[PDB]
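Values below: every heavy atom of this structure, side chains too, minus hydrogens, waters and symmetry copies. Just follow the structure's listing: the first ligand is 1, and inside any ligand the first atom is 1. Within every chain, numbering begins at 1; the chains are lettered A, B, ... in the order of the sequence lines, protein sequences first and strands thereafter.
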Protein chains: 2
Amino acid sequence: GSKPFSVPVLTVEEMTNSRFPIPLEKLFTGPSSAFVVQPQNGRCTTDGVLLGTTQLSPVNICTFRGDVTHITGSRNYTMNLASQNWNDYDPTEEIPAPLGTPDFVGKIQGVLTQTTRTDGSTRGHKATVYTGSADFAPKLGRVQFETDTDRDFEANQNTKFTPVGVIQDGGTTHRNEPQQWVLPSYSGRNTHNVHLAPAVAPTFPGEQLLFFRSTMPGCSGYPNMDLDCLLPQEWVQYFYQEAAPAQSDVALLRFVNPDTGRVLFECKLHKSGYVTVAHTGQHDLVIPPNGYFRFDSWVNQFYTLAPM
Amino acid sequence: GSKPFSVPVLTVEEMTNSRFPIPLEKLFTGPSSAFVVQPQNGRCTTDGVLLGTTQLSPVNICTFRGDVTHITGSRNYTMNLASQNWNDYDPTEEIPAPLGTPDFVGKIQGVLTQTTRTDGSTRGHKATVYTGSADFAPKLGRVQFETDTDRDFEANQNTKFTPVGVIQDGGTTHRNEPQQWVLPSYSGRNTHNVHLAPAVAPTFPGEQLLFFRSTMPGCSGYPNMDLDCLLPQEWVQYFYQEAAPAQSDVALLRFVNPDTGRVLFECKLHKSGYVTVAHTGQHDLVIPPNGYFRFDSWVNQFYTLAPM
Ligand SMILES: C[C@@H]1O[C@@H](O[C@H]2[C@H](O[C@H]3[C@H](O)[C@@H](O)[C@@H](O)O[C@@H]3CO)O[C@H](CO)[C@H](O)[C@@H]2O)[C@@H](O)[C@H](O)[C@@H]1O
Ligand SMILES: C[C@@H]1O[C@@H](O[C@H]2[C@H](O[C@H]3[C@H](O)[C@@H](O)[C@@H](O)O[C@@H]3CO)O[C@H](CO)[C@H](O)[C@@H]2O)[C@@H](O)[C@H](O)[C@@H]1O
């Protein structure tokens, strides 16, 4: 009679994407046989074990901290990464990359901020990191930023990157980037990623993944702003805190409409931390804004869900 | 025998400021008789009732969404606010301002992003909101942004402000701004704020508030980057979810050091949602990074704490 598992009573709009620091907006299901679904943020087992590059607070996702070195003759800077608490970076943890590192290939725009310790002077500049760059190597402790300055960043001073959104440019077709299911090479071009959370896929006939979807802000061009995570950040936080043991491989959840008292759909929360539904095709779910998920029963992986 | 109250097992560095979307860094106590401590974000009772402008996800704090109108002849734009889910803004809720509105006077810099619905084209520009401006009126649905453009924002299209940090300029003395304990006038200059969470203060002799402190990124000048919240965002989230009834006015917490098994200090978590310690003077707490808070007992308001 183990500690009862549960999911939080939070509506979709009350929750947060686990792959970029923005609120959730909607639920989406579609086929995924054409890509490999292996995000590294928003990965957590139902009994509370964090996976991949997943950490607990949503505001740290896609942030970087460290020291910057100017690439003379350009407006580009190399960041030598620190830990999130500004201590030295320890690359020996058995993780793919620092926790919270971006887990998709794209051009992420935001702001580099810096403080000079001696006098508390500060400065902030637009900056973009291309996580598909050959020199994107956060696991090695190095990432490059393109900025709007060649002079107003000091070396050897604490510097932070705050993400804002994504861009599309450099001749790509509209909405051809970011590529949210393409993992970076965390140690640089032509290196192999390590310690990854596994890829996920529906295995039961008639099932698709259920995605928790947000729209990333766009900062220039015609980017693909869709961003799907496998678990809301709040579910990561909740499972980590509760650490309730899984009694089977699959937790059956019902999505409840409090305005009618009726179930809108049911789904499988797999103990390794992803959700499936019985549907074939691309579908934007139409949900009551006060709807929420409710854990009802531990079932087997071969339970047949009610179609939705 | 009511549902047991508890606080989450999270270290300070695992948690998030509830007044700006940045991680917590440290604990600080100091005297507060010289100012009025009345923040509106990070306000929640121990039995889960949100107060002030407090909402649940840390990434929405100090964000704005809506439509923008260019002030011809300037680089300034008026934002007509929407709800966070992009629905019409409803000013009739009995709250001081939209949930997540900044609750301090200062110059907050970040980025305005916009998407044109017809073709998915996007744009992003540096922007600053002065929450002490006479025309800062989020409760009325209007705030002004200074930007780096007079042409590249369209009217009548969804626009978001993502906060990054704070600036100091315009002739202020170093670290004289932001003023984290000065509430904005949420309906504009010379209007009275409504529906506020109350001011808080130590009342017991020898006690001070305990603050959960972060350093806001600085983007220009010599800003005062200290930002103290009364509750970590995760405690707001946890109390909201657990809604455990308070059995007295004060929850006695012990801060435990897992590396020694010993208590470092104890404190009072008042049921209305703030913490006090027995200390006189300004003190940066030196804590084990894996330390955490643990609820031990409901006590009375006149319990004498062990000095720290
Ligand atoms: C889509 C626009 O993005 C920003 O301008 C960028 C600019 O976009 C141009 C497109 O490349 C092009 O197809 C054409 O139709 O006009 C667009 C500008 O109106 O592309 C350049 C690089 O070529 C830069 O990346 C610009 O930032 C934005 O500022 C515009 O308002 C549009 O949203
Ligand atoms: C402190 C600097 O902030 C940014 O530059 C700002 C500039 O700061 C100047 C101070 O005002 C002044 O006391 C003097 O000592 O030099 C500073 C520049 O080195 O002030 C202007 C307005 O007067 C703008 O706000 C600038 O952004 C930053 O870019 C600098 O690197 C310094 O951190």
- Message: I'd like to know if the side chain of B:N41 pairs up with that of B:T53 as donor and acceptor (distance under 3.5 Å, no hydrogens or angles considered).
- Response: yes
- Message: Any nitrogen or oxygen of A:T122, side chain or backbone, less than 3.5 Å from one on ligand 2?
- Response: yes
- No-hydrogen, no-angle side-chain donor-acceptor test under 3.5 Å, B:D119 and B:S121: yes
- Query: Got more than 12 heavy atoms from elsewhere within 6.0 Å of CG, B:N190?
  - Reply: no
- Is there at least one pair of N or O atoms, one from B:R123 and one from ligand 1, spaced under 3.5 Å apart? yes
- Which ligand 2 atoms are under 4.0 Å away from a heavy-atom of B:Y222? 1 (C), 15 (O)
- Residue that, paired with B:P232, satisfies side chain to side chain contact (heavy atoms under 4.5 Å, CB included) out of B:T16, B:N17, B:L24: B:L24
- Atom indices of ligand 1, in the order listed, that fall short of 4.0 Å to a heavy atom of B:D152: 28 (C), 29 (O), 30 (C), 31 (O)
- Query: Distance only, no hydrogens: is a donor on one side chain within 3.5 Å (strictly under) of an acceptor on the other, for A:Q180 and A:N224?
  - Reply: no
- Quick one: does A:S220 get an N or O within less than 3.5 Å of an N or O on ligand 1? yes
- Item | Part of B:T116 with heavy atoms under 4.0 Å of ligand 1, whether side chain, backbone, both or neither | neither
